[PDB]
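The file target-v4.tsv contains TSV, C-alpha atoms and all ligand atoms:
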chain	number	residue	atom	x	y	z
H	14	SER	CA	-21.10	17.09	22.06
H	15	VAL	CA	-18.30	17.28	19.44
H	16	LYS	CA	-16.67	14.86	21.91
H	17	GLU	CA	-19.70	12.57	21.50
H	18	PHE	CA	-19.90	12.95	17.70
H	19	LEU	CA	-16.20	12.02	17.52
H	20	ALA	CA	-16.57	9.00	19.84
H	21	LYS	CA	-19.15	7.59	17.41
H	22	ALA	CA	-17.01	8.54	14.40
H	23	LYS	CA	-14.18	6.45	15.92
H	24	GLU	CA	-16.46	3.41	16.39
H	25	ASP	CA	-17.41	3.58	12.71
H	26	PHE	CA	-13.77	4.06	11.62
H	27	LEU	CA	-12.34	1.28	13.79
H	28	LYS	CA	-14.71	-1.35	12.33
H	29	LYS	CA	-13.52	-0.62	8.77
H	30	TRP	CA	-9.92	-0.08	9.87
H	31	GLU	CA	-9.78	-3.56	11.43
H	32	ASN	CA	-11.61	-5.26	8.53
H	33	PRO	CA	-10.86	-3.37	5.28
H	34	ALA	CA	-12.85	-3.54	2.05
H	35	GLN	CA	-10.85	-5.28	-0.67
H	36	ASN	CA	-11.33	-6.03	-4.37
H	37	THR	CA	-14.70	-4.23	-4.77
H	38	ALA	CA	-14.54	-3.65	-8.56
H	39	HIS	CA	-12.68	-4.38	-11.79
H	40	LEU	CA	-11.02	-2.14	-14.42
H	41	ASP	CA	-13.36	-3.44	-17.17
H	42	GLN	CA	-16.33	-1.96	-15.27
H	43	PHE	CA	-15.10	1.57	-16.07
H	44	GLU	CA	-14.75	3.56	-19.28
H	45	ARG	CA	-11.58	5.63	-19.41
H	46	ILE	CA	-12.25	9.26	-20.34
H	47	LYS	CA	-9.35	11.60	-19.49
H	48	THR	CA	-6.18	11.95	-17.40
H	49	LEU	CA	-6.80	14.63	-14.73
H	50	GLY	CA	-3.35	14.50	-13.14
H	51	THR	CA	0.00	12.69	-13.18
H	52	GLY	CA	3.24	12.31	-11.21
H	53	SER	CA	6.09	10.02	-10.21
H	54	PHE	CA	3.66	9.18	-7.39
H	55	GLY	CA	1.01	8.03	-9.95
H	56	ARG	CA	-1.83	9.35	-12.14
H	57	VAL	CA	-5.57	10.03	-11.96
H	58	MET	CA	-8.12	9.48	-14.74
H	59	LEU	CA	-11.70	10.56	-15.19
H	60	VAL	CA	-13.67	7.35	-15.71
H	61	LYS	CA	-17.33	6.46	-16.19
H	62	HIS	CA	-18.78	3.55	-14.21
H	63	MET	CA	-20.97	1.67	-16.70
H	64	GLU	CA	-23.54	0.15	-14.33
H	65	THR	CA	-24.45	3.56	-12.84
H	66	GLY	CA	-23.17	6.06	-15.43
H	67	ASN	CA	-21.44	7.78	-12.48
H	68	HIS	CA	-18.19	9.65	-13.13
H	69	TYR	CA	-15.19	8.99	-10.86
H	70	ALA	CA	-11.56	9.96	-10.41
H	71	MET	CA	-9.59	6.73	-10.63
H	72	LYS	CA	-6.07	6.86	-9.14
H	73	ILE	CA	-3.76	4.36	-10.88
H	74	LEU	CA	-0.46	3.33	-9.25
H	75	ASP	CA	2.18	1.21	-10.99
H	76	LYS	CA	3.14	-1.41	-8.38
H	77	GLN	CA	6.76	-1.54	-9.64
H	78	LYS	CA	7.13	2.25	-9.47
H	79	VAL	CA	5.62	2.27	-5.97
H	80	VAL	CA	8.24	-0.27	-4.85
H	81	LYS	CA	11.10	1.70	-6.44
H	82	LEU	CA	9.98	4.88	-4.64
H	83	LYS	CA	9.81	3.02	-1.28
H	84	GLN	CA	6.08	3.83	-1.00
H	85	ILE	CA	4.68	0.34	-0.33
H	86	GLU	CA	3.70	0.93	3.32
H	87	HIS	CA	2.53	4.46	2.49
H	88	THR	CA	0.27	3.11	-0.30
H	89	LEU	CA	-1.18	0.46	2.02
H	90	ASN	CA	-1.82	3.27	4.56
H	91	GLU	CA	-3.61	5.36	1.93
H	92	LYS	CA	-6.08	2.70	0.85
H	93	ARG	CA	-6.70	1.32	4.35
H	94	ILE	CA	-7.35	4.80	5.79
H	95	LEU	CA	-9.51	6.02	2.87
H	96	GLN	CA	-11.83	2.99	2.90
H	97	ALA	CA	-12.39	3.55	6.66
H	98	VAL	CA	-12.96	7.30	6.95
H	99	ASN	CA	-16.20	9.24	6.48
H	100	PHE	CA	-16.48	13.03	6.64
H	101	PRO	CA	-18.13	15.69	4.46
H	102	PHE	CA	-14.85	17.31	3.35
H	103	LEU	CA	-12.98	14.09	2.60
H	104	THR	CA	-13.09	12.63	-0.90
H	105	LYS	CA	-14.87	9.26	-0.68
H	106	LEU	CA	-13.19	6.08	-1.92
H	107	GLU	CA	-15.95	4.24	-3.78
H	108	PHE	CA	-14.00	1.23	-5.06
H	109	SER	CA	-10.54	-0.29	-4.89
H	110	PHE	CA	-8.89	-3.18	-6.71
H	111	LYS	CA	-5.63	-4.37	-8.23
H	112	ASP	CA	-4.43	-6.37	-11.22
H	113	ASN	CA	-1.08	-7.83	-12.31
H	114	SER	CA	0.51	-4.41	-12.83
H	115	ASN	CA	-1.47	-1.68	-11.07
H	116	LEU	CA	-3.34	-0.61	-7.98
H	117	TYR	CA	-6.65	1.23	-8.40
H	118	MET	CA	-8.47	3.65	-6.13
H	119	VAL	CA	-11.76	5.00	-7.50
H	120	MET	CA	-12.67	8.25	-5.73
H	121	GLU	CA	-15.62	10.61	-6.17
H	122	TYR	CA	-15.04	13.15	-8.96
H	123	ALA	CA	-15.08	16.89	-8.22
H	124	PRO	CA	-15.58	18.64	-11.59
H	125	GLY	CA	-14.80	22.02	-9.98
H	126	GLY	CA	-11.10	21.12	-10.11
H	127	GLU	CA	-8.28	21.78	-7.67
H	128	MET	CA	-8.20	24.82	-5.39
H	129	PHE	CA	-4.68	25.37	-6.82
H	130	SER	CA	-5.99	26.20	-10.30
H	131	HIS	CA	-8.53	28.76	-9.09
H	132	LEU	CA	-6.12	30.36	-6.58
H	133	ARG	CA	-3.32	30.86	-9.13
H	134	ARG	CA	-5.71	32.25	-11.78
H	135	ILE	CA	-7.67	34.59	-9.49
H	136	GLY	CA	-4.44	35.52	-7.67
H	137	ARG	CA	-5.62	35.40	-4.08
H	138	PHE	CA	-8.75	34.86	-2.02
H	139	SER	CA	-10.34	37.47	0.22
H	140	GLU	CA	-10.11	36.74	3.94
H	141	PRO	CA	-13.77	35.65	4.18
H	142	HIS	CA	-13.23	33.40	1.13
H	143	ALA	CA	-10.03	31.97	2.68
H	144	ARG	CA	-11.79	31.60	6.06
H	145	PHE	CA	-14.59	29.57	4.49
H	146	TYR	CA	-12.07	27.01	3.20
H	147	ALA	CA	-9.86	27.07	6.32
H	148	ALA	CA	-12.87	26.27	8.53
H	149	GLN	CA	-13.44	23.08	6.52
H	150	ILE	CA	-9.79	22.13	6.99
H	151	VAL	CA	-9.98	22.86	10.74
H	152	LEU	CA	-12.97	20.49	11.02
H	153	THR	CA	-11.39	17.80	8.82
H	154	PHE	CA	-8.17	17.76	10.86
H	155	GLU	CA	-10.18	17.64	14.08
H	156	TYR	CA	-11.88	14.54	12.66
H	157	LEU	CA	-8.71	12.91	11.27
H	158	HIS	CA	-6.54	13.65	14.31
H	159	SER	CA	-9.17	12.17	16.64
H	160	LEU	CA	-8.80	8.89	14.74
H	161	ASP	CA	-5.03	9.09	15.34
H	162	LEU	CA	-4.47	9.97	11.68
H	163	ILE	CA	-1.87	12.49	10.49
H	164	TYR	CA	-2.52	13.80	6.97
H	165	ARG	CA	0.91	15.27	6.08
H	166	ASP	CA	0.26	16.81	2.62
H	167	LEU	CA	-1.98	19.85	2.94
H	168	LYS	CA	-1.78	22.13	-0.11
H	169	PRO	CA	-4.09	23.72	-2.74
H	170	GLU	CA	-3.16	20.94	-5.21
H	171	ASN	CA	-4.81	18.41	-2.86
H	172	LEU	CA	-8.08	20.28	-2.19
H	173	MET	CA	-10.85	19.81	-4.74
H	174	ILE	CA	-13.76	22.24	-5.04
H	175	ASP	CA	-17.10	20.42	-5.32
H	176	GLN	CA	-20.27	21.49	-7.17
H	177	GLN	CA	-21.56	23.33	-4.07
H	178	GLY	CA	-18.25	25.22	-3.72
H	179	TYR	CA	-17.14	23.14	-0.72
H	180	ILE	CA	-13.75	21.42	-0.24
H	181	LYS	CA	-12.82	17.78	-0.70
H	182	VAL	CA	-9.45	16.80	0.73
H	183	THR	CA	-7.76	14.31	-1.57
H	184	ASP	CA	-4.45	12.40	-1.77
H	185	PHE	CA	-3.88	10.34	1.41
H	186	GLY	CA	-0.54	8.94	0.15
H	187	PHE	CA	1.32	10.13	3.29
H	188	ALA	CA	-1.57	9.75	5.73
H	189	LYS	CA	-0.72	7.46	8.63
H	190	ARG	CA	-2.42	6.14	11.73
H	191	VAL	CA	0.08	6.78	14.52
H	192	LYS	CA	-0.33	7.16	18.26
H	193	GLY	CA	2.68	9.15	19.41
H	194	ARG	CA	5.48	10.27	17.15
H	195	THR	CA	6.78	9.46	13.66
H	196	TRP	CA	9.89	10.25	11.62
H	197	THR	CA	9.29	9.96	7.87
H	198	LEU	CA	10.59	12.83	5.77
H	199	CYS	CA	7.58	13.51	3.55
H	200	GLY	CA	5.32	16.34	2.50
H	201	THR	CA	5.75	19.27	0.12
H	202	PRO	CA	8.66	21.68	0.77
H	203	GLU	CA	6.65	24.92	1.15
H	204	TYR	CA	4.37	23.19	3.71
H	205	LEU	CA	6.89	21.30	5.88
H	206	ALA	CA	6.96	22.06	9.60
H	207	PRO	CA	10.43	22.97	10.93
H	208	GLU	CA	10.63	19.76	13.02
H	209	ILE	CA	10.24	17.70	9.81
H	210	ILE	CA	13.10	19.61	8.16
H	211	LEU	CA	15.26	19.13	11.28
H	212	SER	CA	14.77	15.31	11.31
H	213	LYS	CA	13.03	15.28	14.67
H	214	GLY	CA	10.24	13.00	15.73
H	215	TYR	CA	7.01	14.85	15.04
H	216	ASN	CA	3.27	14.51	15.49
H	217	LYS	CA	-0.07	15.94	14.30
H	218	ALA	CA	1.23	19.46	15.06
H	219	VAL	CA	2.85	19.40	11.59
H	220	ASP	CA	-0.67	19.50	10.06
H	221	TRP	CA	-1.58	22.64	12.04
H	222	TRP	CA	1.62	24.28	10.81
H	223	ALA	CA	0.58	23.34	7.27
H	224	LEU	CA	-2.82	25.00	7.88
H	225	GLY	CA	-0.90	28.20	8.65
H	226	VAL	CA	0.91	27.95	5.32
H	227	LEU	CA	-2.35	27.26	3.43
H	228	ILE	CA	-4.28	30.15	4.99
H	229	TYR	CA	-1.35	32.46	4.26
H	230	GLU	CA	-1.10	31.24	0.66
H	231	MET	CA	-4.84	31.48	0.10
H	232	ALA	CA	-4.97	35.05	1.50
H	233	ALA	CA	-1.63	36.36	0.11
H	234	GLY	CA	-1.59	34.51	-3.24
H	235	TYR	CA	1.89	33.12	-2.55
H	236	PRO	CA	3.22	30.98	0.31
H	237	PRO	CA	5.04	32.43	3.38
H	238	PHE	CA	8.29	30.63	2.46
H	239	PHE	CA	9.22	30.37	-1.21
H	240	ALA	CA	12.40	30.29	-3.32
H	241	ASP	CA	13.57	28.56	-6.51
H	242	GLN	CA	15.01	25.45	-4.82
H	243	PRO	CA	13.78	23.44	-1.80
H	244	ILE	CA	17.02	23.97	0.20
H	245	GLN	CA	16.47	27.75	0.07
H	246	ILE	CA	12.84	27.21	1.24
H	247	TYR	CA	13.96	25.11	4.23
H	248	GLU	CA	16.41	27.81	5.31
H	249	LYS	CA	13.51	30.30	5.35
H	250	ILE	CA	11.19	27.96	7.26
H	251	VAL	CA	13.59	27.23	10.13
H	252	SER	CA	14.82	30.89	10.28
H	253	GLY	CA	11.94	31.78	12.63
H	254	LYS	CA	10.85	34.79	10.51
H	255	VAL	CA	7.67	35.42	8.50
H	256	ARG	CA	6.35	38.56	6.73
H	257	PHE	CA	2.67	39.35	6.16
H	258	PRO	CA	1.18	41.42	3.32
H	259	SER	CA	0.02	44.87	4.48
H	260	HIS	CA	-3.54	43.90	3.54
H	261	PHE	CA	-3.61	41.04	6.11
H	262	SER	CA	-6.00	41.86	8.96
H	263	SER	CA	-4.68	42.06	12.54
H	264	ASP	CA	-6.66	38.93	13.43
H	265	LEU	CA	-5.27	36.97	10.47
H	266	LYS	CA	-1.71	38.00	11.31
H	267	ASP	CA	-2.23	36.86	14.92
H	268	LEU	CA	-3.77	33.49	13.96
H	269	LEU	CA	-0.87	32.82	11.54
H	270	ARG	CA	1.75	33.70	14.19
H	271	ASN	CA	0.30	31.00	16.45
H	272	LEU	CA	0.07	28.41	13.62
H	273	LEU	CA	3.46	29.13	12.01
H	274	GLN	CA	5.07	28.80	15.45
H	275	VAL	CA	8.37	26.90	15.59
H	276	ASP	CA	7.85	26.36	19.37
H	277	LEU	CA	5.54	23.33	19.75
H	278	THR	CA	4.51	24.28	23.30
H	279	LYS	CA	3.09	27.48	21.76
H	280	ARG	CA	1.73	26.28	18.37
H	281	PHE	CA	-2.08	26.38	18.16
H	282	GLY	CA	-3.70	22.98	17.68
H	283	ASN	CA	-0.92	21.53	19.87
H	284	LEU	CA	-1.73	23.21	23.22
H	285	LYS	CA	-3.80	21.88	26.15
H	286	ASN	CA	-7.00	23.35	24.64
H	287	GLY	CA	-6.41	21.58	21.31
H	288	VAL	CA	-8.35	22.69	18.23
H	289	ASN	CA	-10.54	25.05	20.27
H	290	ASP	CA	-7.67	27.58	20.38
H	291	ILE	CA	-8.12	27.74	16.61
H	292	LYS	CA	-11.93	27.39	16.52
H	293	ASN	CA	-12.38	30.18	19.11
H	294	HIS	CA	-9.80	32.59	17.63
H	295	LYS	CA	-11.09	36.07	16.68
H	296	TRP	CA	-10.44	35.49	12.95
H	297	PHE	CA	-13.09	32.72	13.08
H	298	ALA	CA	-15.54	34.76	15.26
H	299	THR	CA	-18.05	34.91	12.38
H	300	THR	CA	-17.66	31.21	11.55
H	301	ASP	CA	-20.65	29.03	12.41
H	302	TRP	CA	-18.82	25.70	12.70
H	303	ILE	CA	-22.02	23.60	12.73
H	304	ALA	CA	-23.41	25.44	9.69
H	305	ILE	CA	-20.15	24.71	7.82
H	306	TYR	CA	-20.21	21.01	8.79
H	307	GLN	CA	-23.84	20.89	7.62
H	308	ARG	CA	-23.00	22.81	4.39
H	309	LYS	CA	-25.68	25.42	5.15
H	310	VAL	CA	-23.24	28.28	4.54
H	311	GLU	CA	-23.37	29.95	1.13
H	312	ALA	CA	-20.06	29.32	-0.65
H	313	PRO	CA	-18.07	32.40	-1.78
H	314	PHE	CA	-17.41	30.82	-5.18
H	315	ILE	CA	-19.22	28.08	-7.13
H	316	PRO	CA	-17.30	26.52	-10.04
H	317	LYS	CA	-18.85	26.79	-13.50
H	318	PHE	CA	-20.76	23.55	-14.07
H	319	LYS	CA	-20.94	22.13	-17.61
H	320	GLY	CA	-21.97	18.51	-16.95
H	321	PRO	CA	-20.76	15.67	-14.69
H	322	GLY	CA	-17.95	14.59	-17.06
H	323	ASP	CA	-16.68	18.07	-17.97
H	324	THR	CA	-12.91	18.40	-17.54
H	325	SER	CA	-12.66	22.14	-18.34
H	326	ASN	CA	-11.53	23.00	-14.78
H	327	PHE	CA	-8.56	20.64	-15.17
H	328	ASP	CA	-5.41	20.93	-17.27
H	329	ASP	CA	-4.59	18.69	-20.20
H	330	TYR	CA	-2.07	15.93	-19.64
H	331	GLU	CA	-0.48	13.47	-22.06
H	332	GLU	CA	-2.54	10.28	-22.24
H	333	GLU	CA	-0.68	7.06	-21.46
H	334	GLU	CA	-1.67	3.39	-21.86
H	335	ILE	CA	-2.93	1.35	-18.93
H	336	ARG	CA	-0.91	-1.77	-19.63
H	337	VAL	CA	-1.55	-4.88	-17.59
H	338	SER	CA	1.18	-7.52	-17.65
H	339	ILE	CA	0.31	-11.22	-17.99
H	340	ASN	CA	2.71	-11.81	-15.07
H	341	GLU	CA	1.67	-10.66	-11.59
H	342	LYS	CA	4.02	-8.04	-10.16
H	343	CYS	CA	4.76	-7.47	-6.47
H	344	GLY	CA	2.10	-9.91	-5.26
H	345	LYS	CA	3.38	-10.25	-1.70
H	346	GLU	CA	4.09	-6.53	-1.23
H	347	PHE	CA	0.47	-5.54	-1.97
H	348	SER	CA	-1.31	-8.70	-0.75
H	349	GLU	CA	-3.51	-6.72	1.65
H	350	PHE	CA	-4.50	-4.05	-0.90
R	5	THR	CA	7.05	43.30	-4.97
R	6	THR	CA	6.75	39.89	-3.27
R	7	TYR	CA	4.02	38.92	-5.74
R	8	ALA	CA	6.33	39.75	-8.65
R	9	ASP	CA	9.09	37.61	-7.14
R	10	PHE	CA	6.74	34.67	-6.66
R	11	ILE	CA	5.44	34.85	-10.25
R	12	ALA	CA	9.00	35.08	-11.60
R	13	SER	CA	9.94	32.01	-9.52
R	14	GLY	CA	10.12	28.40	-10.71
R	15	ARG	CA	7.56	27.19	-8.14
R	16	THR	CA	4.25	28.72	-9.22
R	17	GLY	CA	3.16	25.45	-10.84
R	18	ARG	CA	1.96	22.30	-9.08
R	19	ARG	CA	4.43	21.27	-6.41
R	20	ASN	CA	5.62	17.68	-6.09
R	21	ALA	CA	5.82	15.89	-2.78
R	22	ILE	CA	9.31	15.05	-1.48
R	23	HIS	CA	10.75	11.98	0.28
R	24	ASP	CA	13.96	10.21	1.37
H	401	LIG	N1	-3.59	16.30	-6.31
H	401	LIG	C1	-4.95	15.87	-6.65
H	401	LIG	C2	-4.99	15.47	-8.14
H	401	LIG	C3	-6.36	15.01	-8.59
H	401	LIG	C4	-7.17	14.22	-7.78
H	401	LIG	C5	-8.42	13.80	-8.23
H	401	LIG	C6	-8.87	14.18	-9.50
H	401	LIG	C7	-8.06	14.97	-10.30
H	401	LIG	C8	-6.81	15.38	-9.86
H	401	LIG	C9	-4.01	14.36	-8.42
H	401	LIG	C10	-3.98	13.22	-7.63
H	401	LIG	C11	-3.07	12.21	-7.93
H	401	LIG	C12	-2.22	12.35	-9.01
H	401	LIG	CL1	-1.10	11.10	-9.39
H	401	LIG	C13	-2.26	13.49	-9.80
H	401	LIG	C14	-3.16	14.49	-9.50

For the file at hand, write its structure as structure tokens.
Ligand SMILES: NC[C@H](c1ccccc1)c1ccc(Cl)cc1
Amino acid sequence: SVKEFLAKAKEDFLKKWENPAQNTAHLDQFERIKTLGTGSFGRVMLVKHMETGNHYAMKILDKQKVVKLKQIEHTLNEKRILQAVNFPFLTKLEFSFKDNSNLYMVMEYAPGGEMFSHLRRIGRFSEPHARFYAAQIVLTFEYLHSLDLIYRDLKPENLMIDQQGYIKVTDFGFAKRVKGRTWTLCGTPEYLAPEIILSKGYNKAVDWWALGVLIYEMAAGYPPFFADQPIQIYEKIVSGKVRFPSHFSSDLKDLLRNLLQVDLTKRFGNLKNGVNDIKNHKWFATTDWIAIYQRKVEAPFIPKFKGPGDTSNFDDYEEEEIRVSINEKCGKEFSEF
Amino acid sequence: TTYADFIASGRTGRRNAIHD
């Protein structure tokens, strides 16, 4: 019946995919509270929606910076995919709009913060704790991949912990609807599949590789391939070698060997039996996949709640103006946004 | 230890995406 659930999920997705929501709010409808993250690739602010009093994470992209970084098509992918998808462990896009200078994506706010923060502080997660999160990623990728979507940026930085201790996958900046293969060099160095590094055509198998890296990092406290510079990381990744902490269970070690597999004919997720090779692996023997989808499972860790607008689980960033030019920038490039 | 090497590394903070 997962086959039947997914058939229906595709019908729902395709309707929104073929006729996207556009211009569903305005900047003036939100009160700016705090910057929750930045980057060359943009910034995110906590905002309060006046008509509801709801708190949201508003992603703000500078159209001119997007163009300079050659991320126009990628940004159009992000918004078009996010408005069309619907799954418990995906961050929901509530509103999107644009003005003369910027693009806006208003997402649900997860006050628990990023997995990254909690993982670095605590050090590592126990295998059951890691398994609880990995299961949610297995289900999310099953969903996304069925809609012909490749995610391409799995990492702790992009997984928010919600108020029930469950995961929300965020940042769809490299997500792409592709039947067959694609070639863009993108991702985060520690998480890149070897075929990406080697400039081959690649497919959704690169996400299953990334799952291997995440599970490893969650359970070990550090990624399987690290060094001071990206080049040194890429050398390690393509080497064909990986070392596991002595505290890694036999089952974990075996799952990771089949995920972090350079040979695509052997990598789990990519075989004839698809995601069931992963779902039915011994390491997940205790996982009730339906109970996880339904959020019936008790979460191993619940973030300390201090109100809907509390930012204590996020770091402090330098605040920066939201300037809006009186001349429209990049009108044609982002016409469909 | 591997942990000690990671913590002494320059990549224990948030990691930026890459591109062409
Ligand atoms: N990586 C997720 C992170 C975030 C998402 C939602 C709420 C707070 C933080 C983030 C996303 C985009 C940018 Cl530009 C910086 C930071």

### Query
What does the distance between CA of residue 155 in chain H and CA of residue 177 in chain H come to in Å, to one decimal place?
22.2 Å

### Task
Considering all atoms listed in the file, return as a list in words whatever protein or nucleic-acid residues lie within 9 Å of range 7-11 of chain R, sequence-local ones (same chain, fewer than 2 positions apart) excluded.
residues 233, 234, 235, 236, 239 and 240 of chain H; 5, 13, 14, 15 and 16 of chain R

Closest contacts (chain H/ligand LIG 401 (chain H), max 8 Å, all atoms listed in the file) as JSON lines:
{"residue": "H:48", "atom": "CA", "partner": "H:LIG401", "partner_atom": "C7", "distance": 7.9}
{"residue": "H:49", "atom": "CA", "partner": "H:LIG401", "partner_atom": "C7", "distance": 4.6}
{"residue": "H:50", "atom": "CA", "partner": "H:LIG401", "partner_atom": "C14", "distance": 3.6}
{"residue": "H:51", "atom": "CA", "partner": "H:LIG401", "partner_atom": "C13", "distance": 4.1}
{"residue": "H:52", "atom": "CA", "partner": "H:LIG401", "partner_atom": "CL1", "distance": 4.9}
{"residue": "H:53", "atom": "CA", "partner": "H:LIG401", "partner_atom": "CL1", "distance": 7.3}
{"residue": "H:54", "atom": "CA", "partner": "H:LIG401", "partner_atom": "CL1", "distance": 5.5}
{"residue": "H:55", "atom": "CA", "partner": "H:LIG401", "partner_atom": "CL1", "distance": 3.8}
{"residue": "H:56", "atom": "CA", "partner": "H:LIG401", "partner_atom": "CL1", "distance": 3.3}
{"residue": "H:57", "atom": "CA", "partner": "H:LIG401", "partner_atom": "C12", "distance": 5.0}
{"residue": "H:58", "atom": "CA", "partner": "H:LIG401", "partner_atom": "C7", "distance": 7.1}
{"residue": "H:59", "atom": "CA", "partner": "H:LIG401", "partner_atom": "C6", "distance": 7.3}
{"residue": "H:70", "atom": "CA", "partner": "H:LIG401", "partner_atom": "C6", "distance": 5.1}
{"residue": "H:71", "atom": "CA", "partner": "H:LIG401", "partner_atom": "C5", "distance": 7.6}
{"residue": "H:72", "atom": "CA", "partner": "H:LIG401", "partner_atom": "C11", "distance": 6.3}
{"residue": "H:73", "atom": "CA", "partner": "H:LIG401", "partner_atom": "CL1", "distance": 7.4}
{"residue": "H:74", "atom": "CA", "partner": "H:LIG401", "partner_atom": "CL1", "distance": 7.8}
{"residue": "H:120", "atom": "CA", "partner": "H:LIG401", "partner_atom": "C5", "distance": 7.4}
{"residue": "H:122", "atom": "CA", "partner": "H:LIG401", "partner_atom": "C6", "distance": 6.3}
{"residue": "H:123", "atom": "CA", "partner": "H:LIG401", "partner_atom": "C6", "distance": 6.9}
{"residue": "H:126", "atom": "CA", "partner": "H:LIG401", "partner_atom": "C7", "distance": 6.9}
{"residue": "H:127", "atom": "CA", "partner": "H:LIG401", "partner_atom": "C1", "distance": 6.9}
{"residue": "H:170", "atom": "CA", "partner": "H:LIG401", "partner_atom": "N1", "distance": 4.8}
{"residue": "H:171", "atom": "CA", "partner": "H:LIG401", "partner_atom": "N1", "distance": 4.2}
{"residue": "H:172", "atom": "CA", "partner": "H:LIG401", "partner_atom": "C1", "distance": 7.0}
{"residue": "H:173", "atom": "CA", "partner": "H:LIG401", "partner_atom": "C1", "distance": 7.3}
{"residue": "H:183", "atom": "CA", "partner": "H:LIG401", "partner_atom": "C1", "distance": 6.0}
{"residue": "H:184", "atom": "CA", "partner": "H:LIG401", "partner_atom": "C10", "distance": 5.9}
{"residue": "H:327", "atom": "CA", "partner": "H:LIG401", "partner_atom": "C7", "distance": 7.5}

Chain R contacts on chain H, only C-alpha atoms, 6 Å, as an mmCIF file with C-alpha atoms, in the coordinates of the input:
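Just written: out.cif:
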data_model
loop_
_atom_site.group_PDB
_atom_site.id
_atom_site.type_symbol
_atom_site.label_atom_id
_atom_site.label_comp_id
_atom_site.auth_asym_id
_atom_site.auth_seq_id
_atom_site.Cartn_x
_atom_site.Cartn_y
_atom_site.Cartn_z
ATOM 1 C CA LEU H 198 10.590 12.830 5.770
ATOM 2 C CA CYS H 199 7.580 13.510 3.550
ATOM 3 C CA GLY H 200 5.320 16.340 2.500
ATOM 4 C CA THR H 201 5.750 19.270 0.120
ATOM 5 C CA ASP H 241 13.570 28.560 -6.510
#

Centre and edge lengths, as AutoDock Vina command-line options, for the axis-aligned box enclosing every listed atom of range 332-348 of chain H with 6 Å of padding on each of the six sides, in Å to one decimal?
--center_x 0.9 --center_y -0.8 --center_z -11.5 --size_x 19.7 --size_y 34.1 --size_z 33.5

### Query
When you draw a straight line from CA of residue 311 in chain H to CA of residue 17 in chain H, how long is it in Å?
27.0 Å

#### Entry: Atomic separation - CA of residue 118 in chain H relative to CA of residue 83 in chain H, Å
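Rounded to one decimal, the two atoms are 18.9 Å apart.
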